[PDB]
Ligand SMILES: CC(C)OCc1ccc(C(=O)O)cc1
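One chain is shown next in structure tokens, namely the form deposited without the ligand.
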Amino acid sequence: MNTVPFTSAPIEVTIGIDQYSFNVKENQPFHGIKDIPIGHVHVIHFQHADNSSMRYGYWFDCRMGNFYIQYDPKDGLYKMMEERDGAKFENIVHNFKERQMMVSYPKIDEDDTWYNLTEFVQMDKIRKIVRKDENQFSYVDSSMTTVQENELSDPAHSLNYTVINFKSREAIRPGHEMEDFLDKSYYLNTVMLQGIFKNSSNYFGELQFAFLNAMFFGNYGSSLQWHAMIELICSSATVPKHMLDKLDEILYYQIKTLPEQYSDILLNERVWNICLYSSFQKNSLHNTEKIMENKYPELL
């Protein structure tokens, strides 16, 4: 169990850790989050009480270093930093724990929600989508645009998701126009899986990361990427059986975790209707179709 200590909390803020969240008051004696499960990526996220605009946060893995949060009154945000002095860090954490100034990561023993949302998500892949090579953790916020959104404007602050475009020379072999447009199997299997992602695990990791950025930060480009990666599979007549069964599990947990009140902005009617009722895979996503029909029948 690892710990992310906070130097202090000088401004009133709602703090997220994965799917959990806590309100902290201005100058409340809050000194961080303990008992964080080892083995998963995590995200620590913030929404200021005085500006409920710019949700922002940090993806990290406590196996990669000792991380803490410190408010910067110049840039006006809670920043993640790495402590390189192990003994200083262990001594800070032990003091704050003894004074019980830390919230405990509130995981229920039965509850595999976070594993299920991050099964294929790797910190080394996050650091290629979010480029800031001097840090081992990755900053994301509500406003960051994607490489794809930028083509259609600061490159250093972009989400480098894999570009997916159904009406692109990459997606369509000369001579197979109708075939490739109506059946995206060559784009999915040859271009994306064999070519770019190398395997289904990296494709799912990016799909799961895009969803979590959409949900936690209201990041619109991330929502676009999540739906594009779902539609590319559902629009392929030829998908390995293990990938379809895994996608059904992935989407089931995503739809299960989504706040009911955000379905209107986080779910694209066209994509979900097409994926569940018209696509090659309309009958391959049993779990997802059942939770969508019971939780969001209006969208459908």
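Residue numbers here begin at 1 and follow the sequence given. Only residues modelled in both forms are compared. Just so we're on the same page, rigid core means the largest C-alpha set that superposes within 1.5 Å between forms.
Does the deposited sequence hold unmodelled residues between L152 and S153, and if so, how many: none, 1 to 3, 4 to 9, or 10 or more? Gap between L152 and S153: 4 to 9 residues without coordinates.
Higher mean Cα B-factor in the deposited model: 254-262 or 32-40? For C-alpha atoms only, the mean B-factor is higher in 254-262.
Would you mind comparing 139-147 and 92-100 for me and telling me which has the higher average C-alpha temperature factor in the entry? Mean CA B-factor is higher for 92-100.
Highest Cα temperature factor in the entry, among the options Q19, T14, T288, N283: which one is it? Across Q19, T14, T288, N283, the entry lists the biggest C-alpha B-factor for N283.
Among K79, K74, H227, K132, single out the one with the highest C-alpha B factor in the record, please. It is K132.
Check where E179 lands among this chain's C-alpha B-factors and tell me if it's the lowest, middle or highest third. It belongs to the middle third of the chain when residues are ordered by C-alpha B-factor.
Third of the chain's Cα B-factor distribution that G57 belongs to, per the entry: Lowest third of the chain for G57's C-alpha B-factor.
Among the modelled residues of its chain, does the C-alpha B-factor of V239 lie in the lowest, middle or highest third? Middle third - that is where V239 ends up once the chain's C-alpha B-factors are sorted.
Taking the entry's C-alpha B-factors for this chain, is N202 in the lowest, middle or highest third? Lowest third, going by the recorded CA B-factors of the chain.
Third of the chain, ranked by Cα B-factor, where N116 sits: As the PDB entry reports it, the C-alpha B-factor of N116 lands in the lowest third of its chain.
FYI, the form solved in complex with the ligand isn't displayed, but the following is about it.
Site superposed, the ligand placed from its pose in the entry with it bound: open or blocked, blocked meaning at least 3 ligand atoms within 2.4 Å of a backbone or C-beta atom? Open, per the superposed partner pose.
With the cut-off set at 4.5 Å between non-hydrogen atoms, does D112 touch the ligand in the entry with it bound? Result no; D112 lies far from the ligand in the entry with it bound.
In the entry with it bound, is there a heavy atom of the ligand that lies within 4.5 Å of any heavy atom of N2, even though the partner is absent here? No.
Mark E83 yes when one of its heavy atoms lies within 4.5 Å of a heavy atom of the ligand in the entry with it bound, and no otherwise. Yes, contact at 4.5 Å.
Given that the ligand is not shown alongside this chain, does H42 nevertheless sit within 4.5 Å of it in the entry with it bound, heavy atom to heavy atom? No, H42 is distant from the partner.
Where, within 24-38, is there a heavy atom within 4.5 Å of the ligand in the entry with it bound? Residue list please. Only a single residue, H31, comes within 4.5 Å of the partner.
Looking only at residues found in both forms, which runs of 3 or more have C-alpha shifts of at least 2 Å between this form and the one not shown after a core fit? This is the sole shifted run between this form and the one not shown: 96-99.
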